[PDB]
Structures are given as C-alpha cells and as structure tokens.
Amino acid sequence: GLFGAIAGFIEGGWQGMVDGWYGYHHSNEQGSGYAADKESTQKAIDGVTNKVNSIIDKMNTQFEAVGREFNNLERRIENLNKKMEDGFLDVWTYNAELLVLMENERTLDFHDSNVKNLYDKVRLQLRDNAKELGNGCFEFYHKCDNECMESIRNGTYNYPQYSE
Amino acid sequence: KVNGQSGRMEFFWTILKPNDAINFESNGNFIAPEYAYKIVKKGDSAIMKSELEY
Ligand SMILES: *[C@@H]1O[C@H](CO)[C@@H](O)[C@H](O)[C@H]1NC(C)=O
C-alpha cells in the first residue's frame with residue numbers, strides 16, 4: 001500500500017487470524033500461536049464506524065425532487081424546473097461518488113499505516129536484542145518465553161536481557 | 001368536433017376563506033356549482049404519475 005506493509009515488505013495476510021485485522025504470530029519452545037493486537041484493531045474499527053456514520057449523516061439533506069406539472073404554454077418554466085432538478089441530482093450523485101472513492105482510498109491506506117506502525121512498535125522495543133528477517137519477523141537473540149511475548153504485545157518489553 | 005361535440009366548457013375554481021362569501025351573477029352560459037369541497041385536513045402529499053395497481 002501507500003506505506004508498504006500490506007502486499008509489500010510483508011508478503012500476504014494470515015488466514016489463521018479471525019479476531020483482528022492485525023496481530024502477532026509467536027513461535028518459541030512453548031509452541032506457536034496467533035494473537036490479535038486488539039487496541040490497533042479497535043482504532044481501525046472506530047475509524048471505519050465513524051466513516052460510515054459520516055457518510056450517512058453528511059448527506060442527510062441532499063435534495064428531494066418534488067414533481068410540478070405545467071401546461072403546454074409554460075415550456076420555458078417547465079424546462080427550467082426540469083434541468084434544475086436534473087442538475088441538482090447530477091451534482092449530488094457526483095458528491096456521493098467522490099465521497100465513496102476518497103474514503104475507500106483513505107481506508108485502505110489507514111490499514112496499511114496500522115500494519116506498518118505495529119511493525120515499528122515491535123522493532124522500537126526489540127531494538128538490538130533481535131534481528132529483522134526482512135519479511136515481518138524478528139529473530140530473538142535470547143531465550144524468551146510466552147510472558148516475554150505478552151510484554152511485547154502490551155508494550156512493556158524490558159531491554160535488560162543479555163543477548164550474545 | 002371533439003367527442004362529436006363542438007361546444008367547449010371552461011371550468012374555473014377558487015378557494016373561499018372561512019367566514020367569507022362568494023357571489024355569482026349571470027344571465028346565460030352558467031355551469032353552476034352543485035357541490036363544493038371543505039378542506040378539512042392539510043398535510044404533506046404528492047401527485048404520482050404511475051400505472052401500477054394497489
Ligand atoms: C357571512 O356571515 C357572517 C355571519 O355569521 C357575517 O358576519 C359575514 O359578514 C358574512 N360574509 C360577508 C362577506 O358579509
């Protein structure tokens with residue numbers, strides 16, 4: 001995407017994650033396991049919900065074309081009415097389509113931003129105790145069990161662990 | 001001749017306010033009113049040019 005995470009430096013998405021748009025997949029002696037980073041998913045869910053609410057409520061006074069009947073010698077005023085209603089409906093269709101397109105753009109890029117930001121959050125803690133394998137994974141230079149991974153998830157990784 | 005009848009009837013309409021009066025006078029060609037319509041309930045409505053049934 002615009003930030004390079006989705007279909008970028010991370011190859012593709014995990015079918016095995018069902019409870020979050022983003023997450024971790026840890027593998028140590030205590031097994032492997034997926035986990036959802038709930039907080040970032042909630043940021044994204046709020047984003048999308050507020051976007052849908054905005055789309056619904058920002059065009060809640062659009063235009064209502066009520067019908068007016070005219071005789072045969074009021075062709076001018078009838079045509080005025082006709083092309084007026086036509087023009088209003090055209091401009092409001094334009095507005096709806098632009099909103100839909102621009103929001104699709106911003107939303108896809110928002111998700112990309114969230115993935116890149118999560119990768120950066122992990123990297124900024126793991127600074128030197130680990131090494132980037134280039135595709136979204138981090139190799140731990142020390143031994144660290146499931147509570148290590150939990151401290152990484154909730155954001156409290158303790159840097160003093162000897163790593164050689 | 002329209003419907004085999006050449007003569008033409010032209011109808012007019014008005015709306016009397018409460019407590020007011022209307023006065024007709026004539027000496028010919030008077031298609032006089034026999035009924036009228038009280039406007040008992042305004043509202044929000046429309047006229048729909050459609051062909052469907054109910
Ligand atoms: C109609 O009758 C009322 C009596 O209830 C009278 O006051 C009023 O003046 C009459 N209308 C006109 C136009 O005079």
# chains A, B, ... in the order shown; residues from 1 in each chain; ligands from 1
>>> interface_residues(of="chain A", to="chain B", cutoff="12 Å", atoms="only C-alpha atoms", output="CSV table (one decimal) with C-alpha atoms, in the first residue's frame")
chain,number,residue,atom,x,y,z
A,65,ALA,CA,-37.2,16.4,-6.4
A,66,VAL,CA,-40.9,17.1,-6.0
A,67,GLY,CA,-43.0,17.0,-9.2
A,68,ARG,CA,-44.5,20.1,-10.6
A,69,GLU,CA,-47.0,20.0,-13.5
>>> residues_near_ligand(ligand="ligand 1", cutoff="7 Å", atoms="only C-alpha atoms and all ligand atoms", output="NGL selection string")
:B and (19-21)
>>> write_last_selection(atoms="N, CA, C and O atoms", output="compact mmCIF listing (two decimals), in the first residue's frame")
# COMPACT_ATOMS: atom_id res chain seq x y z
N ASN B 19 -65.55 32.31 7.00
CA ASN B 19 -66.34 33.48 7.32
C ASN B 19 -66.48 34.42 6.13
O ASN B 19 -66.87 35.58 6.32
N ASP B 20 -66.17 33.98 4.92
CA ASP B 20 -66.28 34.82 3.74
C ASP B 20 -67.44 34.35 2.87
O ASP B 20 -68.11 33.37 3.18
N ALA B 21 -67.67 35.07 1.78
CA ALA B 21 -68.78 34.77 0.89
C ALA B 21 -68.38 34.88 -0.57
O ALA B 21 -67.43 35.58 -0.92
>>> residues_around(residues="residue A:39", least_positions_apart="2", cutoff="12 Å", atoms="only C-alpha atoms", output="compact mmCIF listing (two decimals) with C-alpha atoms, in the first residue's frame")
# COMPACT_ATOMS: atom_id res chain seq x y z
CA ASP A 19 -10.37 -11.94 15.62
CA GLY A 20 -8.41 -8.91 14.48
CA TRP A 21 -7.17 -7.13 11.41
CA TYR A 22 -3.61 -7.11 12.75
CA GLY A 23 -1.66 -9.35 15.04
CA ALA A 35 -2.67 -13.24 18.78
CA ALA A 36 -4.68 -10.18 17.82
CA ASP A 37 -3.41 -6.73 18.71
CA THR A 41 -7.92 -3.16 15.64
CA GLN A 42 -10.19 -1.02 17.80
CA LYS A 43 -8.60 2.13 16.45
CA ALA A 44 -9.33 0.83 12.95
CA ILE A 45 -12.89 -0.23 13.82
CA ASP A 46 -13.61 3.20 15.27
CA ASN A 114 -1.65 0.49 11.04
CA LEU A 118 2.66 -2.16 14.54
CA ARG A 153 2.24 -7.32 22.91
CA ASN A 154 1.06 -4.96 25.65
CA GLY A 155 4.16 -2.83 25.12
>>> atom_distance(atom1="atom CA of residue B:38", atom2="atom CA of residue B:12")
16.9 Å
>>> atom_distance(atom1="atom CA of residue A:144", atom2="atom CA of residue A:128")
14.5 Å
>>> decode(residues="chain B", atoms="C-alpha atoms", output="tab-separated table (two decimals), in the first residue's frame")
chain	number	residue	atom	x	y	z
B	1	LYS	CA	-65.79	18.30	-33.08
B	2	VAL	CA	-64.29	16.53	-30.08
B	3	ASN	CA	-66.37	13.54	-28.97
B	4	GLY	CA	-68.75	14.76	-31.65
B	5	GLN	CA	-69.39	17.92	-29.59
B	6	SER	CA	-68.05	21.25	-30.80
B	7	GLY	CA	-69.04	23.43	-27.86
B	8	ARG	CA	-66.46	23.88	-25.14
B	9	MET	CA	-66.87	24.13	-21.38
B	10	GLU	CA	-64.25	26.02	-19.41
B	11	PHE	CA	-64.21	25.47	-15.65
B	12	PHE	CA	-62.77	27.82	-13.04
B	13	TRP	CA	-62.02	27.25	-9.38
B	14	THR	CA	-61.38	29.24	-6.23
B	15	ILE	CA	-60.94	28.74	-2.50
B	16	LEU	CA	-63.23	30.58	-0.10
B	17	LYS	CA	-61.71	31.52	3.23
B	18	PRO	CA	-63.60	30.96	6.50
B	19	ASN	CA	-66.34	33.48	7.32
B	20	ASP	CA	-66.28	34.82	3.74
B	21	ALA	CA	-68.78	34.77	0.89
B	22	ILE	CA	-68.96	34.20	-2.86
B	23	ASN	CA	-71.41	35.93	-5.20
B	24	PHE	CA	-72.39	34.66	-8.64
B	25	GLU	CA	-74.47	36.65	-11.10
B	26	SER	CA	-75.25	35.80	-14.71
B	27	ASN	CA	-77.81	35.75	-17.49
B	28	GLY	CA	-76.57	32.78	-19.50
B	29	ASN	CA	-73.96	30.09	-20.03
B	30	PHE	CA	-73.68	29.32	-16.31
B	31	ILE	CA	-72.40	25.87	-15.32
B	32	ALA	CA	-73.38	26.45	-11.74
B	33	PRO	CA	-71.83	24.65	-8.76
B	34	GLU	CA	-73.93	21.98	-7.11
B	35	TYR	CA	-71.26	20.79	-4.66
B	36	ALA	CA	-68.05	22.06	-3.06
B	37	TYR	CA	-65.18	20.64	-1.02
B	38	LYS	CA	-64.27	21.53	2.55
B	39	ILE	CA	-60.51	21.34	3.08
B	40	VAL	CA	-60.58	19.54	6.43
B	41	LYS	CA	-57.01	18.20	6.66
B	42	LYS	CA	-53.87	19.71	5.16
B	43	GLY	CA	-50.63	17.76	5.19
B	44	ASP	CA	-47.68	16.58	3.17
B	45	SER	CA	-48.58	14.80	-0.04
B	46	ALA	CA	-47.78	14.46	-3.74
B	47	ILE	CA	-49.19	13.50	-7.12
B	48	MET	CA	-47.58	10.46	-8.73
B	49	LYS	CA	-47.80	9.73	-12.44
B	50	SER	CA	-47.75	5.93	-12.27
B	51	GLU	CA	-49.51	2.97	-13.84
B	52	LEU	CA	-49.38	0.33	-11.11
B	53	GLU	CA	-52.29	-1.12	-9.15
B	54	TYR	CA	-52.85	-1.31	-5.40
